[PDB]
2 protein chains.
Amino acid sequence: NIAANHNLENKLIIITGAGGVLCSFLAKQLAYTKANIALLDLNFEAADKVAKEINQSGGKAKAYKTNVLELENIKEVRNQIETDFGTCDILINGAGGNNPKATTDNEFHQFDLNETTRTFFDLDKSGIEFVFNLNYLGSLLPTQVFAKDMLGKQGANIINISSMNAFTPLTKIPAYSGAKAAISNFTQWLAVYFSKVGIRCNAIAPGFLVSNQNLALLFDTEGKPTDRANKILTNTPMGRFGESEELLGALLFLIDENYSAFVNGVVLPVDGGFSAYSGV
Amino acid sequence: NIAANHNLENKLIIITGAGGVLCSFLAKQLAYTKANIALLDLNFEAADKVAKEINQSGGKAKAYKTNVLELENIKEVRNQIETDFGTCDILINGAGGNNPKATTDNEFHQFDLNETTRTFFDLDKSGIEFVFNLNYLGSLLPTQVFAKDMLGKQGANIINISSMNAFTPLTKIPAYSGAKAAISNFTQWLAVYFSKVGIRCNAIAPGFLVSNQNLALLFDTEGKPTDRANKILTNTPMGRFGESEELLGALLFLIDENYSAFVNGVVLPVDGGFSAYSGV
Ligand SMILES: NC(=O)c1ccc[n+]([C@@H]2O[C@H](COP(=O)([O-])OP(=O)(O)OC[C@H]3O[C@@H](n4cnc5c(N)ncnc54)[C@H](O)[C@@H]3O)[C@@H](O)[C@H]2O)c1
Ligand SMILES: NC(=O)c1ccc[n+]([C@@H]2O[C@H](COP(=O)([O-])OP(=O)(O)OC[C@H]3O[C@@H](n4cnc5c(N)ncnc54)[C@H](O)[C@@H]3O)[C@@H](O)[C@H]2O)c1
């Protein structure tokens, strides 16, 4: 495991959205750095599954039911973590994602759309708010709580998770795209804000990844690749979807001061060349 | 040494501009990956000094006098390297640099500058040509020679070296800024061109670094920064120059397929936050 190359013994990594697909994979690999891992998620059972796997594999982890949108809940969790492990060294803001209420059915408006089609005009204010809250405030509020504890600590840093959308928006998903542009911006803002007290901030922008959770979404109901999947492959030079494991190197690089002490305020694409391609 | 984390035993790393400040330092560290290192430079003595140090420490290196602008010379050197080590796995295009004839004395034009000041109007065509030749063709021609050999080799990849000045240009240095903008662009072009045959191409964009060779250029005022150095420091969030050591992590990240298999066409800033800040 390449994570074993990076000695983070006695450091505490706090990971939000830890029960999710990407973060649960990454959390399990980060255990091999010998760090203590706190797994924060609204879904305690999902995070606790990850904690059990880590502990069974010889690592050190614990799950904490947390709502990243509720500041005083995060603060309570921070106190429990202090009892169990200590205070934060590395914060990974993994909580995030999109939802159907802020997604259109159609790539483009048209003059001949079926009445059942959810268009731009059908997106609910609360759906848009939900996406921005989760993907921006859900990183900002944990950063307020845990960065306070990181102040002054050698090697402290923050990781946010951006998206291809932050570079150029994707069709159908305006709120998610806008919120990820905002978190890319916030990454740079934080890097500058904390630049005199030694907390770096960087982001990983994954490209198009596949997992067993989204595999079925890449096909229509008859098992043919969707037009969107075909467009993704067409506009990805390496001609494939990425895998979760392909984010691990970037994460280790950015969180390990021996590798990235002078790397700060970067949004690092891991995307098979997608953002380097014109389409032509 | 973190380079020892990355097993490149029996692979061949070809480094151009190897006798230079940054590349000589990085080549010495890459020897700890156990790769064979070929050190290419127009200054044989400078490259051979590095080869001797690497070999004395138990590494495997050889220097080769090369002009990266002369295709037939690069081809002859490629043949020599095949005899000594074999064929290229990883190419680092480190040859590059500016020329005083393509640089102004003044950051901005004014009326009634004295005759002695070298202004925009004094920039020499041959100096501008020199900078573009060295920084763009000086990467493209070795890539033509050595990528031919990398075809079919698992894990093969190309590294270019860009600059801050590629993102927005720096005062006084139009040609060097333009040529590095062009190599950033070429990095993306190569990534796409080789994307269906398994050769990644990425670039590192070092920010403002200090070395033994430029220390007395940055701190002239005995140990107070020069006016340019003060501009750099005030516009770098981390408030310091970078060191050669602080580029190694990024290099290892990008050249090791275990870390960066899906990272392609990226230009990675290593700059203390410079690119994330606008001075306000
Ligand atoms: N999956 C991808 O391919 C991909 C690509 C680019 C970016 N991202 C981003 O990566 C991050 C993780 O994505 P994912 O697909 O693995 O997510 P996921 O949907 O699989 O999991 C998200 C996790 O966040 C939890 N969560 C939701 N609301 C919460 C809240 N208020 N407080 C605490 N926890 C909450 C959920 O319970 C869940 O466990 C997100 O920021 C996502 O936007 C994902
Ligand atoms: N030094 C920095 O802080 C910095 C910052 C950003 C980018 N860069 C870029 O990093 C790379 C190395 O920079 P450096 O400062 O260490 O350079 P350097 O001037 O110290 O060394 C450059 C090397 O290239 C060799 N060279 C010149 N012309 C050649 C030719 N035609 N064929 C073969 N070799 C030739 C030189 O002999 C020299 O050894 C360059 O591309 C530079 O543009 C450097």
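See the structure printed just above.
Residues numbered from 1 in each chain as written, not as in the entry; some residues may be left out. Chains lettered and ligands numbered in written order. Heavy atoms only, no water.

Chemist: Help me understand the overall build of chain A, please; the structure alone is not making it clear to me.
Modeler: Helix and strand counts for chain A stand at 8 helices and 7 strands. Against the globule reference of 19 Å for 280 residues, chain A gives a C-alpha radius of gyration of 19 Å, in line with a compact fold. Along the longest, intermediate and shortest principal axes, the C-alpha atoms of chain A span 60 × 40 × 40 Å. When the 280 residues of chain A are sorted by exposure, 51% land in the buried category. A fraction of 71% describes how many contacts in chain A between residues 6 or more apart in sequence connect residues 24 or more apart. Of the charged side chains in chain A, 23 are positive and 28 negative, and the gap between their average positions amounts to 5 Å. (Helix = DSSP H or I, 4+ residues; strand = E, 2+ residues; numbered from the N terminus. Rg over C-alpha atoms; globule rule 2.2 N^0.38 Å. Buried < 20%, exposed > 50% of the residue type's maximum accessible area, 1.4 Å probe, protein only. Contact = heavy atoms within 4.5 Å. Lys, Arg positive; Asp, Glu negative; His and termini not counted. Charge placed at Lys NZ, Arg CZ, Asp CG, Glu CD.)

Chemist: I would appreciate a short explanation of the interface of chain B and chain A in the present structure.
Modeler: How big an interface is tends to be reported as the loss of accessible area on association of its parts. With 36 residues of chain B at the interface, the matching set in chain A holds 37 residues. Taking both partners together, chain B and chain A bury about 3100 Å²; carbon and sulfur atoms supply 66% of that area. Counting every contact that joins chain B to chain A gives 0 salt bridges. For the side of chain B that touches chain A, the secondary-structure elements that each account for two or more residues are α5 (174-193), α8 (248-255), α9 (257-260) and β7 (267-270) of chain B. If one sorts the elements of the side of chain B that touches chain A by residue count, α8 of chain B sits on top with 4 residues. When the residues that make up the side of chain B that touches chain A are grouped by side-chain class, the tally is 20 nonpolar, 12 polar and 4 charged. (Buried area = accessible area lost by both parts, 1.4 Å probe. Salt bridge = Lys/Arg side-chain N within 4 Å of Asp/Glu carboxyl O. Nonpolar A, V, L, I, M, F, W, Y, C, P; charged D, E, K, R; others polar.)

Chemist: Looking at this structure, I do not really get the packing of aromatic side chains. What am I missing?
Modeler: The description of two aromatic rings rests on the distance between their centres and on the angle between their planes. Residues and elements named next belong to chain B. Evaluated as defined, the whole model comprises 14 aromatic pairs over all chains. An angle of 85° between the planes, with centres 5.0 Å apart, marks the rings of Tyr193 and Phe194 as edge-to-face. On the accessibility criterion, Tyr193 (54% relative accessible area) is exposed. In this structure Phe194 comes out as buried when scored by relative accessible area, which is 11%. (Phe/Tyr/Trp six-rings, centres within 6.5 Å; stacked < 30°, edge-to-face > 60°.)

Chemist: Just checking my understanding: could you explain the site of ligand 1 for this structure?
Modeler: All names here are of chain A. The full set close to ligand 1 counts 25 residues, and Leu22, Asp41, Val68, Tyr176 and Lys180 are the nearest of them. Residue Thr66 places a main-chain N or O atom 3.5 Å away from a nitrogen atom belonging to ligand 1. In the environment of ligand 1, an oxygen atom lies 3.4 Å from a nitrogen or oxygen atom belonging to the backbone of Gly97. A total of 850 Å² of accessible area belongs to ligand 1 in isolation, and the protein chains cover 80% of it. At the level of elements, α1 (21-30), α4 (125-150) and α5 (174-193) are the ones that each hand at least two residues to the shell around ligand 1. Looking at the shell around ligand 1, its residues break down into 10 nonpolar, 13 polar and 2 charged. (Near = heavy atom within 4 Å. Polar contact = N/O pair within 3.5 Å; in protein donor to acceptor, adjacent residues only side chain to side chain. Areas by Shrake-Rupley, 256 points an atom, 1.4 Å probe, with all protein chains shown as cover.)

Chemist: Sorry if this is basic, but what is going on with α5 of chain B here?
Modeler: The periodicity of an α-helix, 3.6 residues per turn, causes residues three or four positions apart to be oriented the same way. Between its first and last C-alpha atoms α5 of chain B spans 28 Å; for 20 residues at 1.5 Å apiece the expected length is 28 Å, and the two agree. For α5 of chain B, every residue scored as buried is listed here: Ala175, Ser177, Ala179, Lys180, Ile183, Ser184, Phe186, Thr187, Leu190 and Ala191 of chain B. (Expected span 1.5 Å × (residues − 1).)

Chemist: I would appreciate a short explanation of the relation of the copies chain B and chain A in the present structure.
Modeler: Here the second copy of the chain follows from the first by a rotation about an axis and a shift along it. Once turned by 180° and shifted 0.1 Å along the axis, chain B lies on chain A with an RMSD of 0.8 Å. The symmetry that links the two subunits is that of a two-fold axis. No C-alpha of chain B approaches the rotation axis more nearly than that of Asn5 of chain B, which lies at 3.0 Å. The share of interface residues of chain B whose copies in chain A are also at the interface is 100%, consistent with both copies meeting through the same surface. (Least-squares fit on C-alpha atoms.)

Chemist: Explanation requested: the site of ligand 2 in the structure shown.
Modeler: All names here are of chain B. Neighbouring residues of ligand 2: 24 residues in total, closest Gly20, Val21, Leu22, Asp41 and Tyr176. The separation between an oxygen atom of ligand 2 and a polar main-chain atom of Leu22 is 3.0 Å. One nitrogen or oxygen atom from the main chain of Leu42 is found 3.1 Å from a nitrogen atom belonging to ligand 2. Protein contacts shield 79% of the accessible area of ligand 2, which totals 840 Å² for the unbound molecule. Grouping the amino acids of the shell around ligand 2 by side-chain chemistry returns 10 nonpolar, 12 polar and 2 charged.

Chemist: Sorry, what's going on with the side chain of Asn165 of chain A here?
Modeler: All names here are of chain A. Tracing the backbone through its elements, the reader meets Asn165 in the loop between β5 (157-161) and α5. At 3.0 Å, the side chain of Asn165 and the side chain of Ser163 are in polar contact. If sequence neighbours within four positions are ignored, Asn165 has contacts with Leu170, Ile173, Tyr176 and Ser177.

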